[PDB]
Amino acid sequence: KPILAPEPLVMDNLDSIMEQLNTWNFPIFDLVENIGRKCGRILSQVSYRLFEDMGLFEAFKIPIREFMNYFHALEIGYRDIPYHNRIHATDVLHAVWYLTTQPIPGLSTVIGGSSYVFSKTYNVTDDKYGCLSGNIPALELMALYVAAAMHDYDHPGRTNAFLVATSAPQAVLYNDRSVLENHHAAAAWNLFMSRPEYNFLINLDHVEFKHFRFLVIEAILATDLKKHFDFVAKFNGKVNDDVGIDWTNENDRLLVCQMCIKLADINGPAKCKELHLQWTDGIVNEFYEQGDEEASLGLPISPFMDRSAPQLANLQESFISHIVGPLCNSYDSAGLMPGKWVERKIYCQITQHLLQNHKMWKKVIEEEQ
């Protein structure tokens, strides 16, 4: 019955691609081909590297075998669908790691902090640059990373609105409230608890484990796009009406973690053209599969989900303008965006990609009109 991590445990010939993890535009699809399509190891392998990179194994006496057992079971439970698969989960984990360990221009380190981890890739001795992992305790950072790995577990390639409209068993079970996000969290925790071979958290005390579980759940549930505007408003409030992010306040740290996983979840439009376009193919393929089923069931086809009338450019442009753009703006306004001091001015790779990708789609719109 229990799914255990294959004898090799850590694969050895992937070192060249794995060295590139500390870039924003990590070539994740090249990693897929390297490892093997539907080999089912990308997540556990990347998880190992990133946890190793942060010294999380040592920080929480995590047994590597149980870690790799759980993460393999987890990744096996991601379905082979175009977008919400184990490759997306790996991508999201890489993004929250990048966002939390890379230099942020003019970020202050929290007074009185000794407990925290730092990436081996964070070798700078600058006072002009900080990173989130210096302001967020290791337990909370680990919670965020595990959440990213878990966050879309057993996704069926349909939206919540679809599950609700068709009274799917999941929607009835969760009373039409964050159906998939509740499922991802609940199923992934159930998986964890089902076997002692999965108990990589054996050395947290009872209090720590309970707090960890709470944080993981809050992070996963924050991925419901239905609550996107509420989260952005609430964060904007703390930066505009309030004294800003109190890194000493547990609730402010939670809210940064949630904004962080949200940005990571929908990072595609903020990547280089190549990655962005590959992820686009994935998501629109899931949408059309839903459109097919909606039609066959006599329900009206949802916007942007008709293969016959795609409106691809409109989907992309509006998604960037209404969702991703405001989220990046909000996150930048708090000063959490990785970036570089120019020669003061800040150069920000993430918002620059988002601008270029937005331009690109606005051009297709004119040409098609």
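Sequential numbering from 1, following the sequence displayed.
- For the cut-off of one third of the other compared entries, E289 stays well clear, since all of them model it along with its flanks.
- Among other compared entries that model residues flanking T125, a third or more give it no coordinates.
- Unmodelled residues of the deposited sequence between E343 and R344: 4 to 9.
- According to the entry, the deposited sequence has 1 to 3 residues without coordinates between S114 and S115.
- Averaged over their C-alpha atoms, the temperature factors of 21-29 and 5-13 are higher for 5-13.
- As listed in the deposited structure, the average C-alpha B-factor of 97-105 and of 243-251 is greater for 243-251.
- Taking the deposited Cα B-factors for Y122, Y153, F192, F287, the highest one is held by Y122.
- Ranked against the other modelled residues of its chain, the C-alpha B-factor of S296 as given in the entry falls in the highest third.
- Split the chain's modelled residues into thirds by C-alpha temperature factor. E218 is in the lowest one.
- For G130, the recorded CA temperature factor ranks within the highest third of the chain's modelled residues.
- The deposited CA B-factor of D80 belongs to the middle third of values across its chain.
- Among all modelled residues in this chain, the alpha-carbon of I320 has a temperature factor (C-alpha) in the middle third.
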